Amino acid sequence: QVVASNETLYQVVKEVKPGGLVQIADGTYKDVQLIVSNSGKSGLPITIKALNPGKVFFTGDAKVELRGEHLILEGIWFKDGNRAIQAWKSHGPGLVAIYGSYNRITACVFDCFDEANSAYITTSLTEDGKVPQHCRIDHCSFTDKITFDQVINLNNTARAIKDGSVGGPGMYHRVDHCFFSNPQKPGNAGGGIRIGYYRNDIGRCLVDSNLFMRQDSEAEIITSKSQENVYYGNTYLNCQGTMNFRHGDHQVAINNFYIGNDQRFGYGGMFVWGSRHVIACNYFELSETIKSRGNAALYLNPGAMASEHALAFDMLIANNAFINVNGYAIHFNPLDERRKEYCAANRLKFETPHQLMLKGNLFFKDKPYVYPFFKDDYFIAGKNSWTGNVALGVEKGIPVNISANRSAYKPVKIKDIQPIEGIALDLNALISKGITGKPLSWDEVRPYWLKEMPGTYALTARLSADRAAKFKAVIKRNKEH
């Protein structure tokens, strides 16, 4: 039914049956506490949506909890928030917390909600330990987030000092067609998306067709902290950070576009920890790279095997293109001084990237940038294998024999890559085709009912006076007194 107030909303949701449809009348729902405990059924989900998306706003000291299964939240605009700053925390449930499996949140807008630290959307474990699975977050816009923690957290474990060989279960969630553009916070303040927490956690989540435009929250655009996650067809435009395989081996990044097209900031990028990854058909064209990280497009982490800063080794880097990157195409030992010290302080064995299979990659440069294609201060003959790559425009930087014949460049056929269980993608076929399509635009991801881009950071790299003030206050109270 049609509800026009928080109370009637609460009541109808408490009575709604599988296949039900709850439509929220045009208006503002202030301090709304939407708790959905009932469940829809496969093929008969319960849909809660604005009667007219774009005219329903959830505001104030609000909160949404999707606890049942087979639920759908659609066409809601979250703004003018006021949650208590002393009641919410990073690593806690998000503004919208999904505790049940098979749930979907689509065509919703989150725009500089409030000052309470937390993610905007999270999948959270119930107090008894159950892990949500098969959820989808799509066609949602996340802009001008001025609070700590990621925009989205996909959890399969509770935060703990850790490292008991145990690991979290596979989630099988999907995040697609979303828009992320948020201002830069100091330090490890939470980025765009986090999946899992430690290397023993299994993710098997699909993140595809998302547009990150000036997603500058922190150093990490995406901090993938679980095994077997697949990142496909995502566009990262002028983002001050890198898309990372932070914890967990065997991760996949295929046909993503990393583009930096101005000189305003340093952009990225992918920083890779761990082994057995598949990094293929990605396109890197960065006008400026990140100085603090080593000025590169692809960073391969030096360190101790399977540690907190897992050595990056034994992986496939194929059919990628590094076009006019103003920095190294590939840095083989970024942050090595810090990593060495870290290993020494933890009695770990410091090692450097090796057993890398670099096949059919294109490295090209014709602009007046000064960086050779590669940096490997620990180069050892034969530690890595190079086959079918092409490089021209600048010195390579390392003693490797590579074809300079561009007209003969051809992506390589790969056919021994096992697909990830639960994810319907033919990895061998996708890699073999080479790089397809091009960067995604706003119209290709925006909520069907939304015409204009919310917020101001994406197009101006600036926050309004009111939002800039709140942002400083948030940052200030989180720093030493």
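All residue numbers are counted from 1 along the displayed sequence.
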| Segment of higher mean CA temperature factor, 54-62 or 37-45 | 37-45
| said: Highest mean C-alpha temperature factor of the two stretches 380-388 and 220-228, which is it? | reply: 380-388
| request: Quick one: which of 175, 298, 112, 161 shows the highest Cα temperature factor in the PDB entry? | output: 161
| Most elevated Cα B-factor in the entry, residues 246, 79, 396, 89 | 396
| note | By the entry's values, the third containing the CA B factor of residue 125 is the highest
| By its CA B factor, does residue 214 count among the lowest, middle or highest third of the modelled residues in the chain? | lowest
| field | residue 404 by Cα B-factor - lowest, middle or highest third of the modelled chain | value | highest
| Considering only modelled residues of the same chain, in which third does the CA B-factor of residue 169 rank: lowest, middle or highest? | middle
| Thinking about Cα B factors across the chain, which third does residue 101 belong to? | middle
